[PDB]
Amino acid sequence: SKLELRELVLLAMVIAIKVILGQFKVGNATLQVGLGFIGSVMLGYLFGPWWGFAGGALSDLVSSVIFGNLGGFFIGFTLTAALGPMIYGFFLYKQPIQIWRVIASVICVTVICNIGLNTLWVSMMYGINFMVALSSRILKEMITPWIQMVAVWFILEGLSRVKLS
């Protein structure tokens, strides 16, 4: 699509929403289970992987600047949040609504970026072993990602075709 404008405003619009949804974790009672993946799934599904990936990187930038993060700024930190909407976009872009698509797309995001890369960026600058930051990661990432597939697939799927047509 050459001459893309008015798709790009809504792009910034979801960059916004995802920046908003990163600060909000609700959550059940004891386990907080943060939001903000929704913004990446949104960047993923209707913008596509190679597009949403560009968004998820800008969603650190805007976020880092406003709330006085952290974030990035520092470059290998945004790659995680850029990667996130990509993989959701990879198999949800111009693709059908199906239960095989999400389970591959939810648990994977954890393993690749949320587990591996987030673990990596923790242990790099310090002497803490990669397997120490891997230890804490496996728990949180064996519990919560199954809570996303419940909200990710169903909530997106309506919104996928509710506003698409």
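All residue numbers are counted from 1 along the displayed sequence.
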item	value
Mean C-alpha temperature factor, higher of 121-129 and 64-72	121-129
Mean temperature factor over C-alpha atoms, higher-scoring stretch between 46-54 and 101-109	101-109
Of the residues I147, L21, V14, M142, the one carrying the largest Cα B-factor as recorded	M142
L35 by Cα B-factor - lowest, middle or highest third of the modelled chain	lowest
Position of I138 among the chain's modelled residues by C-alpha B-factor, lowest, middle or highest third	highest
Chain third (lowest, middle, highest) by recorded CA B-factor, residue given as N28	highest
Where the record places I155 (Cα B-factor, split into thirds across the chain)	highest
Ranked against its chain, the third holding the CA B-factor of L8	middle
